[PDB]
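Have a look at the structure below before the remarks.
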RNA sequence: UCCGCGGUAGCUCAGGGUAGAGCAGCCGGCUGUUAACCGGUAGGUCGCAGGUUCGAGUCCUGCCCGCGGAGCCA
RNA sequence: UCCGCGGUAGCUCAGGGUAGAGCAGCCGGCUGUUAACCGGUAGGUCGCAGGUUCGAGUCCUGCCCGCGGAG
Ligand SMILES: [Mg+2]
């Protein structure tokens with residue numbers, strides 16, 4: 001029976017079998033040390049004599065668990081046998097154990113197919129899966145049906189079918215993971231924003247539970263709790279940036295602007311979260327539910343200065359869609375295929391999407407969003 | 001506080017608020033009958049006089065729950081107020097309530113955006129969702145890590190997490215959902231075949247739990263339990279098709295052959311499931327683990343005569359990859381220079397599994413928005 | 001296009017006269033290493049193709065990749 | 001590729017001389033409908049483009065599309 005590094009303290013004094021990779025080796029001749037990496041951690045293995053493969057070789061190690069303050073984690077294994085399941089032919093391009101430092105951020109990307117093996121490298125990917133797991137959990141408990149489509181339209185079509193649906197699919211920095219929610223029979227864009235506060239809360243919970251070790255391994259600072267998130271109207275934000283930050287802003291907020299509104303919110307409310315509501319019709323799709331004062335039932339979520347979520351209520355009346363197409367100078371009978379479904383009693387609905395990697399990145403304090411993705415372009 | 005159709009019996013004699021669509025209406029003058037569909041089913045609503053929107057209109061109904069044998073499901077609502085949240089402008093192309101019949105197969109597909117609203121139409125989709133919920137739940141409990149990629182990638186991720194899975198769309211009917219599993223540090227293909235059995239079991243369990251009503255609605259027949267599934271080597275099955283089924287088979291089993299082997303399994307073992315092991319190298323990808331006798335550590339799962347799973351062990355020795363090819373795949377091989385664990389995997393065709401489980405006429409019924 | 005900084009060993013980087021050293025590697029040595037270190041030894045499209053020079057990694061010309069600034073963006 | 005059935009209201013199918021019927025739609029009637037039905041009414045690229053005929057959904061030449069069938 002195999003034992004994971006994370007379960008060693010329970011087998012202190014016992015004989016154990018280990019399966020992992022040769023993380024790193026230090027040969028002193030008479031005695032030598034093995035760092036053995038598995039999906040749960042790394043553990044020191046003591047031995048001697050016998051030749052060892054190059055690092056990154058698949059290994060089976062059978063030995064005796066022992067306490068030792070000298071070893072990382074306070075525990076080590078005295079080797080009785082070291083079997084090699086798969087030997088490494090050459091030395092790795094980069095010294096994996098000596099990451100993240102020791103290798104420029106760019107070199108790490110050129111050798112993703114092996115640098116990803118590092119503890120800190122894989123960590124974000126583990127935390128992300130946790131976030132997504134909690135994502136589905138909550139929505140499922142809330143009577144959401146997961147759908148599998150071939179984009180904005182299909183979700184909508186499915187609302188007249190299941191009332192509440194969600195999807196986790198790739199979209200086109212470049213190619214990213216998008217967590218899309220869409221629910222029917224709502225009152226207004228408020229219903230959506232409330233759902234997202236609860237959903238995010240759950241998503242973070244799941245990460246904190248099933249991905250604690252990784253979260254601590256990265257030394258990330260956990261955000262304030264996603265509840266009663268501050269709301270600013272696009273106009274209100276436009277004014278603050280101007281009069282208080284001396285940063286002239288256009289009709290649409292730039293990444294640079296959102297960064298500032300973030301820092302602003304962190305100071306006035308001590309909140310790592312910020313809701314920007316009521317965008318102008320001009321900067322939002324034609325299907326966005328319009329308001330009388332020239333704005334729209336929309337919103338963006340700024341987590342730590344970065345936008346991680348965009349959504350709002352859609353138009354559901356057939357005529358009001360044409361109305362919106364004309365006002366935005368667009369050919370109505372070019373959207374004939376899209377308009378069809380709205381001829382048949384479409385409920386008041388709306389949705390939003392979360393950027394998995396954006397969220398992951400700003401959560402773990404990663405330098406670049408590309409770290410939150412397994413294989414960037 | 002909204003009440004779903006499935007929760008009405010607990011509210012008899014009380015005042016409830018319903019949210020759904022006008023599934024159908026029967027107007028008899030001073031009295032009319034509404035069939036109100038929501039995500040949990042349809043209930044009969046009684047009223048009279050007032051104009052009712054065309055079918056398929058979004059509605060809000062406040063009324064009193066009442067027992068009545070004449071009513072479908074034994075329950076009906078006497079409405080005190082009928083609010084219209086969104087009127088339908090035109091009649092639907094097809095009479096949704098009168099599906100599946102009453103409309104040719106190819107027609108339902110041409111009006112998906114609305115016919116999908118039928119109870120039997122959406123049923124498979126709800127079930128496929130359950131099957132996938134189970135898929136993830138099990139693998140999660142077994143220390144698997146879910147990954148999100150742009180075949181090779183899954184392998185690379187093995188040296189990172191040892192055990193990974195992914196639920197992603199593929200191409201190669212035209213666009214289908216694939217449930218891919220890949221795990222390292224295995225003994226042989228047996229470890230994989232044993233995992234798939236335990237997996238399918240958990241999956242069908244989840245379908246039963248969370249998609250029970252739909253499974254009953256479609257009137258499907260449940261398969262035998264996926265355990266100790268009969269195994270049959272490619273050579274062995276080849277012979278059976280020939281001598282006992284008089285169906286000449288080439289170097290590769292055609293769909294027609296696979297369907298006959300299914301009927302065979304149901305007779306000999308009374309099993310809706312069947313593994314086909316040991317395929318000739320010639321008829322399997324280069325990355326497949328070769329054997330001494332020309333065969334390979336591969337397998338195919340035949341659910342009710344239809345392949346729903348294909349897999350086997352992969353080659354993990356850098357040299358043996360060129361040996362089974370070379371410099372064309374220079375970017376692929378690179379990872380195999382650095383201690384690749386003995387590994388393997390398989391992928392499940394989500395729609396295929398859902399189709400054959402629910403006895404659907406054709407695979408496209410399991411897909412929300414099929415290609416053409 | 002102009003200015004500036006970058007392009008040198010598997011990795012990180014030094015430098016008008018052999019192109020050099022740490023880490024990774026190889027050989028030898030070493031019973032407690034935490035980025036072990038000691039000796040020896042291998043390792044190159046110095047960006048590429050042409051010039052000045054006895055001599056070019058260094059200077060000249062053109063061109064290729066990258067970052068920042070100026071400019072351009074009727 | 002060949003062969004054989006198909007293509008008519010929206011849907012599903014009737015048939016050498018206004019192109020029709022029930023389903024739903026519209027108007028009118030009905031307090032227990034389960035695919036409610038009674039009357040009235042609206043609804044067309046008869047596949048598309050060329051021929052025979054005084055007249056073609058109907059026949060005959062080519063093509064597009066669907067289903068099915070062949071070692
Ligand atoms: Mg000029």
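Protein chains in written order, with PDB author numbering: chain C, 1 to 150, 179 to 200, 211 to 415; chain D, 1 to 150, 180 to 201, 211 to 363, 370 to 416.
Using N, Cα and C, we set each Cβ at its ideal position, and we do this for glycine too.
Closer than 7 Å between beta carbons: that is the criterion. Which residues of the segment 95 to 114 of chain D meet it against chain C? 113, 114
What do you get for residue 350 of chain D, buried or exposed, if any count of 16 or more other CB atoms within 10 angstroms of its CB means buried? Residue numbering aside, residue 350 of chain D sits at position 312 when the second chain is read from its first letter. With 16 or more other Cβ atoms within 10 Å, it is buried.
Neighbour-count burial assignment, residue 339 of chain C, 16 or more Cβ in a 10 Å radius: By one-based count along the first chain, residue 339 of chain C stands at place 301. Its Cβ being crowded by 16 or more others within 10 Å, residue 339 of chain C is buried.
Who pairs with residue 220 of chain D in a beta bridge, going by DSSP? For the purposes of this step, residue 220 of chain D is taken as the residue at position 182 of the second chain. Answer by DSSP bridge pairing, in chain order: D:193, D:389.
Whole-angstrom Cβ separation of residue 88 of chain C and residue 383 of chain D, contact assumed at under 8 Å? For this step, residue 88 of chain C is matched to residue 88 along the first chain. For this step, residue 383 of chain D is matched to residue 339 along the second chain. Confirmed, about 4 Å.
Provide the residue span of the beta strand (DSSP E) that contains residue 96 of chain D, from first to last. For the purposes of this step, residue 96 of chain D is taken as the residue at position 96 of the second chain. Note, residue 96 of chain D: premise wrong, no beta strand (DSSP E); not H, not E.
Any chain C beta carbon closer than 9 Å to residue 122 of chain D: One-based indexing of the second chain puts residue 122 of chain D at position 122. Residue 122 of chain D counts as touching chain C.
8 Å Cβ cut-off: residues of chain D touching residue 182 of chain C: Position 154 of the first chain holds residue 182 of chain C. Going along chain D in sequence order, the residues near residue 182 of chain C (Cβ under 8 Å) are 412, 413.
Does any residue of chain C have a CB that is nearer than 9 Å to the CB of residue 382 of chain D? As a position in the second chain, residue 382 of chain D is number 338, starting the count at 1. Yes - at least one Cβ of chain C is within 9 Å of the one on residue 382 of chain D.
Taking only beta carbons into account, state which residues of the segment 212 to 241 of chain D come closer than 7 Å to chain C, listed in chain order. 213, 215, 223
Nearest CA to the CA of residue 137 of chain C: which residue from C:49, C:67, C:239, C:62? Residue numbering aside, residue 137 of chain C sits at position 137 when the first chain is read from its first letter. Ranking the options by Cα distance to residue 137 of chain C, first place goes to C:239.
Minimum length 4: unbroken alpha helix (DSSP H) runs contained in the segment 70 to 133 of chain D: 105 to 110, 112 to 115
State yes or no: is the C-beta of residue 86 of chain C within less than 9 Å of the C-beta of residue 342 of chain D? Here the question's residue 86 of chain C lines up with position 86 in the first chain. Here the question's residue 342 of chain D lines up with position 304 in the second chain. Result no, Cβ atoms of residue 86 of chain C and residue 342 of chain D do not sit closer than 9 Å.
Classify residue 407 of chain D as helix, strand or coil using the three-state DSSP reduction. The count along the second chain starts at 1 and reaches residue 407 of chain D at position 363. Three-state DSSP puts residue 407 of chain D in a helix.
Per-residue DSSP class, three states only, for residue 413 of chain D: Numbered from its first residue, the second chain carries residue 413 of chain D at position 369. In the structure shown, residue 413 of chain D sits in coil (DSSP, three-state: anything other than H, G, I, E or B).
Neighbour flag for residue 146 of chain C against chain D, beta carbons, 9 Å: The residue labelled residue 146 of chain C in the question sits at position 146 within the first chain. Residue 146 of chain C belongs to the set of residues whose beta carbon lies under 9 Å from a beta carbon in chain D.
Can you find a C-beta in chain D that's less than 9 Å from the C-beta of residue 341 of chain C? In the first chain, residue 341 of chain C corresponds to position 303, counting from 1. False, the Cβ-Cβ gap to chain D never drops below 9 Å.
Give the DSSP-derived three-state secondary structure of residue 370 of chain C in the structure shown. Translated into the one-based positions of the first chain, residue 370 of chain C becomes position 332. Helix at residue 370 of chain C.
Can you find a C-beta in chain C that's less than 9 Å from the C-beta of residue 186 of chain D? Stepping through the second chain from its first residue, residue 186 of chain D is reached at position 157. Judged by the 9 Å Cβ criterion, residue 186 of chain D is in contact with chain C.
Which residue from D:286, D:128, D:54 puts its Cα closest to that of residue 402 of chain D? Translated into positions along the second chain, residue 402 of chain D becomes position 358. Answer by Cα proximity: D:128.
On the DSSP letters alone, give me the boundaries of the beta strand (DSSP E) that residue 37 of chain C sits inside. By one-based count along the first chain, residue 37 of chain C stands at place 37. First-last of the beta strand (DSSP E) with residue 37 of chain C: 32 to 38.
So the beta strand (DSSP E) residue 399 of chain D belongs to, where does it begin and stop? Along the second chain, one-based indexing puts residue 399 of chain D at 355. Where residue 399 of chain D is concerned, there is no enclosing beta strand (DSSP E), although the alpha helix (DSSP H) it sits in stretches over 394 to 401.
Under a CB-based cut-off of 9 Å, is residue 379 of chain D close to chain C? Locating residue 379 of chain D in the second chain gives position 335, counting from the first residue. So, interface residue.
From the beta carbon of residue 15 of chain D, is the nearest beta carbon of chain C less than 9 Å away? Numbered from its first residue, the second chain carries residue 15 of chain D at position 15. No, because no Cβ of chain C sits closer than 9 Å to the Cβ of residue 15 of chain D.
Examine chain C for any beta-carbon lying closer than 9 Å to the beta-carbon of residue 23 of chain D, and answer yes or no. Along the second chain, read from residue 1 onward, the residue named residue 23 of chain D stands at position 23. Not an interface residue.
Counted within 10 angstroms of its Cβ, other Cβ atoms place residue 266 of chain C as buried (16 or more) or exposed: Numbered from 1 along the first chain, position 228 holds the residue referred to as residue 266 of chain C. It counts as exposed.
Residue 354 of chain C touches chain D at which residues, Cβ-Cβ below 8 Å? Start at 1 with the first residue of the first chain, and residue 354 of chain C comes out as number 316. The answer, in chain order, is 86.
Give me the residue from C:187, C:268, C:21 with the minimum Cα distance to residue 231 of chain C. Taking the first chain and counting its residues from 1, one reaches residue 231 of chain C at position 193. The residue with the shortest Cα to Cα distance from residue 231 of chain C is C:268.
According to DSSP, is residue 267 of chain D helix, strand or coil? Translated into the one-based positions of the second chain, residue 267 of chain D becomes position 229. Three-state result, residue 267 of chain D: coil.
Backbone CA spacing between residue 66 of chain C and residue 12 of chain C [nearest angstrom]: What you label residue 66 of chain C is simply residue 66 of the first chain in a count that begins at 1. What you label residue 12 of chain C is simply residue 12 of the first chain in a count that begins at 1. Answer to the nearest angstrom: the Cα atoms are 6 Å apart.
Measure from the C-beta of residue 92 of chain D to each C-beta in chain C and report whether the shortest distance is under 9 Å. Numbered from 1 along the second chain, position 92 holds the residue referred to as residue 92 of chain D. Taking Cβ atoms only, chain C reaches closer than 9 Å to residue 92 of chain D, which makes this a yes.
Is the separation between the beta-carbon of residue 63 of chain D and that of residue 83 of chain D shorter than 9 Å? Looking up residue 63 of chain D in the second chain gives position 63. Looking up residue 83 of chain D in the second chain gives position 83. No, these two residues do not count as a Cβ contact at 9 Å.
Assuming residue 220 of chain D contacts residue 389 of chain D under a Cβ cut-off of 8 Å, what Cβ separation, rounded to an integer in Å, is found between them? In the second chain, counting from the first residue as 1, residue 220 of chain D sits at position 182. In the second chain, counting from the first residue as 1, residue 389 of chain D sits at position 345. With 8 Å as the limit, residue 220 of chain D and residue 389 of chain D qualify as a contact, their Cβ atoms being about 3 Å apart.
Given that residue 51 of chain D touches chain C, what residues does it touch there, using C-beta distances under 8 Å? Taking the second chain and counting its residues from 1, one reaches residue 51 of chain D at position 51. The contacting residues do not exist; residue 51 of chain D stays about 15 Å from chain C at best.
Residue 190 of chain C versus chain D: which residues are under 7 Å apart at the beta carbon? Residue numbering aside, residue 190 of chain C sits at position 162 when the first chain is read from its first letter. Simply 39, 122.
Give a yes or no on whether 9 Å exceeds the smallest Cβ distance from residue 142 of chain D to chain C. Within the second chain, the letter at position 142 stands for residue 142 of chain D. Output row for residue 142 of chain D: interface = no.
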